RNA sequence: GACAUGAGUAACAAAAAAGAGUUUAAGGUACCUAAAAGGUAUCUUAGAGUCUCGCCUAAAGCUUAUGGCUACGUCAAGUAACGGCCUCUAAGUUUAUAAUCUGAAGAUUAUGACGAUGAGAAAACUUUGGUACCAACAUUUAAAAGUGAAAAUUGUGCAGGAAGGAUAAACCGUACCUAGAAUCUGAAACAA
RNA sequence: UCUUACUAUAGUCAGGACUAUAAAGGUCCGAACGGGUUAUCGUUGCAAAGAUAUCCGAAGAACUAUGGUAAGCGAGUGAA
RNA sequence: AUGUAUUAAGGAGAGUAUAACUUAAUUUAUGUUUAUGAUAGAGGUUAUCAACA
Ligand SMILES: [K+]
Ligand SMILES: [K+]
Ligand SMILES: [K+]
Ligand SMILES: [K+]
Ligand SMILES: [K+]
Ligand SMILES: [K+]
Ligand SMILES: [Mg+2]
Ligand SMILES: [Mg+2]
Ligand SMILES: [Mg+2]
Ligand SMILES: [Mg+2]
Ligand SMILES: [Mg+2]
Ligand SMILES: [Mg+2]
Ligand SMILES: [Mg+2]
Ligand SMILES: [Mg+2]
Ligand SMILES: [Mg+2]
Ligand SMILES: [Mg+2]
Ligand SMILES: [Mg+2]
Ligand SMILES: [Mg+2]
Ligand SMILES: [Mg+2]
Ligand SMILES: [Mg+2]
Ligand SMILES: [Mg+2]
Ligand SMILES: [Mg+2]
Ligand SMILES: [Mg+2]
Ligand SMILES: [Mg+2]
Ligand SMILES: [Mg+2]
Ligand SMILES: [Mg+2]
Ligand SMILES: [Mg+2]
Ligand SMILES: [Zn+2]
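Residue numbers (the UniProt record's numbering), protein chains in the order written: chain A, 9 to 103; chain B, 89 to 176; chain C, 13 to 192; chain D, 100 to 149; chain E, 1 to 50; chain F, 33 to 218, 243 to 291; chain G, 95 to 140; chain H, 66 to 122; chain I, 43 to 71; chain J, 249 to 297.
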């Protein structure tokens, strides 16, 4: 070989037991006779809520101009834990 | 190519990948008729249920855009790739 | 609420993946749906992703990885590398699905197909002329396509030779003050 | 180069010239020509006089 | 922990030092490709003058 | 030495017109055979049940067809039924993920296994005369002679549409010595009842017209157990 | 003169001899990596 | 070669008696009057007549 | 207008260059 | 989106339950990232030992 | 580094071999026709096919490996009709552990781990030591007959012929090329 | 990854003949395969070791495949 | 090349708005000064027409 040998070896180039995965993840365990048992505690599911009646869309009309919050006089305006706890009392006291 | 077409269910789940049921892609002039992205200030007033449902509206919108891009190239429909990039 | 299959326990609330629905092959039945999925996607995911998000039941899944040509980092210069491969998945839908047929070339005016075709030909002729130079050859003058400038000088030649027009010295070759 | 073209009317990010005002050409063959700015390309700092 | 902050500061510096080496190289490739595309307009002006 | 026929109008023995070239229909080109004029031909020298059902498998991507008497195909079928149609066009084996049942023919006679072995014989001889002696597709239809040897071999592999038109012909009495006739010779003859099971409802429309002795049913026995659902046009 | 010594060469013997694991796990192999890493090489092994 | 061939001697070999000879055995075609070669058929009439006998006959 | 900066733009800008050429032909008559 | 929907305020702070399911935090940031600055008291306690 | 000379010379000769029609796309000419167009004929570039003839043929054919600067729509729970991954281990390897030796580096023995070129349940449905052994050689055996394997049976010779474990379907491979006609190694489109 | 020796696991040797054997032979004729005896060609070659014919071995000290071990103060391997 | 000042672990792979760099690949806020600066408009993609901390 001259130059292809100097590239990164892939699974599409050799077949003598060279297994390289694609980081899909472990969905189970290997058996002793060459099979696979799927452990459904490692399998992943996607939680998609009901979208019937939902009015929000991924775009906002350009007539409404973009504005950023001010939080005047506070360094940690949006991350202030005091304005989140004090705001919690008035709005939601129970939970 | 001359067989009677099968009746595909109107409310098929795979119809959500298409913009128009006749041409998978949307016309470039009607593909740019969209607003702007949500600002962080506007999203701070939304609950988890609103932000969890809105995320999936964006996911399905990107899956719909990627479907129109792949069709336009293969079917040689025309221009429109520059407008889908801004919408995406 | 009862899925046809067995659902996993790891919940993914905000998946960032992009699933592309590609047109099937000519001879494929109408119960096969091909998708482009991330390289980390597995058959169990698509089956769960197509039912909770799109409400599509599938009886089986097939997957295959498509490699990408090795390339140089910057065009014809740079180190030699290989892009990330592409994963395609084919679902055996429980309900058939048929795609629409592409519009006729003359009915693609909404996409500006007229102007796009002109530009495509120009690029098609640029890569064809560059391929003639990569073989160590050039297009002889006799084969060059006559442009609009050469079609206009052949009509003038027939007008002067015939006698319709009379030749006169140029007046815009240069703007001299002498005018002689 | 973008700063040099705008030197007489501020800086590229603080531009004191806007489309709609009449300007006078001071270079080229069409010197002392007067027209109205139609467009204003802020990338190359070029102006169009129709 | 004071020892956990040094870990983050070092990581931030390493990735910031790598983006500058790549950015610097990219700026020269584009500048070289832009100057070569502009040189096509200079050659035309020089040819028309001669 | 071989002799290829020409795409010229000819008469058919079937009750229907198989192709536009067919001049006449239901024409007796030979006296009724031994078993043709028999109300109940039986499985004389074959296993019990053989000939009552006939399966047809097809490649879902390339269209290659295989006929088998048993519910499953083996490597013998691929070698003895697939002619060479070019390089990289004849599979070295049968891939479970590509081959599916196309249809299944069931005769009314629950023990007339000899009637099925005849239908299976005409289907295999028609398929051979479709890959060979395809004079009706050279300059018309698919125009195989106007294609390259590569593309021509890919169109010859697609025998699924032809196979469906072969079923409507054989089941309508096409062929000489077809045992799906029944001559009384008291001399009135008729066609035997048959049933066709389809995995795809749209796959039965390749035949321009079907006979009056065939009934169409969706789904093949044993398919549902494999979690393979049939395709229905009506839905 | 030279000989065709790479005829019949396999890519499994290239990873066992000049691979990356053959160098990080050996005292003399850490030198090669450090030497090649100091020079600026991209292909440290194989 | 012992010495490099000079310009004089290499020009002697290349052009002395090796000039391209001008073809003078030309004559017009009787069917169309085009310049054909002596004793040869007109290529413009050959193809046309060869294609004219293929359509009608 | 380059050969490679003609398809990377939107149809709005591509059609704005045709109006330029259209109004450029009405002045030549 | 309509102006009435973008202006509607639906977020109510909570104190005894997280704003969203605790599992969502792993998708927002990488738990094992070397850039993580918000650790748990148990982790720091083990680091100090 | 550029450019000369030899020189417009040698070479494009594996003792297979070609001949005559047809046709598609784009473009170049001449005429027809001057309403642009189109038509007829021809040439160029990139192809495709038909009839006849010949060459290879236990190949220069088909199916596949090693391999690949050829190209990315190549699709499998398993068997019929599949490999890897996975389990077990050989020759060996070990910056693993313990003990020991040792100018340092290290080395040694044991154990562990790893390591195929070998062994791995079932399916046209499925999940003790000749009471032996499966090296070589010969013999016999799926009953209409013959032939070729597989596995087993019996016997022969000395050169005396492994180890270990058992016993509802993820992930990876799947395209093309096999060297006489465009792809592997020989610096290459090489008579190897 | 060449090559030499060893090593582990595997594979191959049409057909015929003689010999005490059905199978006991560094036996015989001769393909595959493995060698490279003589000759011509080639020598900026098709080839930095090739082509043609001829010749030798071809059940053995045989040949081949995938791995492994031993090489550079001392010399690894060596039917030398 | 030398000098001065500060600092004390370095690289690669793949991907991404091709000045913007890590799947959030152009995040979100504070303070001051803004032509007497610093060294009474238009413009949220026809964008980033603002620098320092
Ligand atoms: K490969
Ligand atoms: K040597
Ligand atoms: K993230
Ligand atoms: K498998
Ligand atoms: K030591
Ligand atoms: K010589
Ligand atoms: Mg292994
Ligand atoms: Mg697969
Ligand atoms: Mg293949
Ligand atoms: Mg070798
Ligand atoms: Mg952080
Ligand atoms: Mg000479
Ligand atoms: Mg000569
Ligand atoms: Mg010569
Ligand atoms: Mg032409
Ligand atoms: Mg390979
Ligand atoms: Mg082990
Ligand atoms: Mg093995
Ligand atoms: Mg060769
Ligand atoms: Mg050869
Ligand atoms: Mg080569
Ligand atoms: Mg070796
Ligand atoms: Mg002997
Ligand atoms: Mg012999
Ligand atoms: Mg020797
Ligand atoms: Mg010698
Ligand atoms: Mg001898
Ligand atoms: Zn003439």
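In this text, a Cβ means the ideal position worked out from N, Cα and C, and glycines have one as well.
- Taking a C-beta distance under 8 angstroms as the contact criterion, residue 146 of chain F and residue 76 of chain F qualify as a contact pair.
- Chain-ordered, the chain B residues with CB closer than 9 angstroms to the CB of residue 258 of chain F read 91, 92, 93, 94.
- Taking 8 angstroms as the threshold, the shortest C-beta distance from residue 285 of chain F to chain C falls below it.
- Contact annotation: in the stretch 249-265 of chain J, residues whose CB is within less than 8 angstroms of a CB in chain A are 249, 250, 251, 253, 254, 260, 261, 262, 263, 264, 265.
- Burial check for residue 253 of chain F: the Cβ neighbour count within 10 Å reaches 16 or more, so the residue is buried.
- Residue 38 of chain E carries a helical assignment under DSSP once its states are collapsed to helix, strand and coil.
- Taking a cut-off of 8 angstroms for Cβ pairs, the stretch 17-37 of chain C and the stretch 144-162 of chain B touch, as three or more such pairs fall below it.
- Judged by beta-carbon spacing, residue 155 of chain F lies within the 8 angstroms limit of residue 198 of chain F, meaning their Cβ atoms are closer than that value.
- Interface annotation, residue 76 of chain A: in contact with chain B, CB-CB separation under 8 angstroms.
- Contact with chain C is found for residue 190 of chain F, since one of that chain's Cβ atoms lies less than 8 angstroms from the residue's Cβ.
- Think of a sphere of 7 angstroms around the beta carbon of residue 187 of chain F: no beta carbon from chain C falls inside it, the nearest being about 11 angstroms out.
- The C-beta of residue 126 of chain B comes no closer than 8 angstroms to any C-beta of chain C.
- Check the Cα spacing between residue 124 of chain F and each of F/33, F/111, F/136, F/134: the tightest is with F/111.
- Around the beta carbon of residue 120 of chain C, a 10 Å sphere encloses 16 or more other beta carbons of the protein chains shown; the residue is thus reported as buried.
- Following the DSSP letters along the chain, one finds residue 94 of chain A inside the alpha helix (DSSP H) bounded by residues 89-99.
- Ranked by Cα distance from residue 49 of chain F, the first of F/201, F/262, F/181, F/126 is F/201.
- For residue 126 of chain G, no beta strand (DSSP E) encloses it; the enclosing alpha helix (DSSP H) starts and ends at 121-133.
- Not a single C-beta of chain I is nearer than 8 angstroms to the C-beta of residue 156 of chain B.
- Within the stretch 9-28 of chain A, the residues whose Cβ lies closer than 8 angstroms to some Cβ of chain G are 9, 13, 14, 17, 21, 22, 24, 26, listed in chain order.
- A direct Cα-to-Cα measurement between residue 89 of chain F and residue 116 of chain F gives close to 19 angstroms.
- Under the Cβ criterion of 8 angstroms, residue 50 of chain I is counted among the residues facing chain B.
- The criterion of a C-beta distance shorter than 8 angstroms is not satisfied by residue 105 of chain F and residue 43 of chain C.
- Checking the 7 angstroms criterion, the Cβ of residue 99 of chain H is within range of a heavy atom belonging to ligand 28.
- As a beta-bridge residue in DSSP terms, residue 91 of chain H pairs with H/102.
- Listed along chain C are 23, 25, each with a C-beta nearer than 9 angstroms to that of residue 269 of chain J.
- Distances from the CB of residue 102 of chain G to the heavy atoms of ligand 10 include at least one below 7 angstroms.
- As the crow flies, the alpha-carbon of residue 48 of chain I is around 25 angstroms from that of residue 144 of chain C.
- Neighbourhood of residue 69 of chain A in chain B, by CB distance below 9 angstroms: 123, 124, in chain order.
- If you draw a straight line from the Cα of residue 18 of chain A to the Cα of residue 284 of chain F, it comes to about 35 angstroms.
- DSSP, read as helix, strand or coil, puts residue 254 of chain F in strand.
- Closest option to residue 272 of chain J, judged by alpha-carbon separation, among A/73, A/55, A/10, A/30: A/55.
- At least one C-beta of chain J is nearer than 8 angstroms to the C-beta of residue 4 of chain E.
- Beyond the five residues adjoining it in sequence on each side, residue 168 of chain F comes within less than 6 angstroms, by CB distance, of 39 in the same chain, given in chain order.
- Where residue 134 of chain F is concerned, the enclosing beta strand (DSSP E) starts and stops at 131-139.
- Counted as a single uninterrupted DSSP element, the alpha helix (DSSP H) harbouring residue 165 of chain C occupies residues 160-174.
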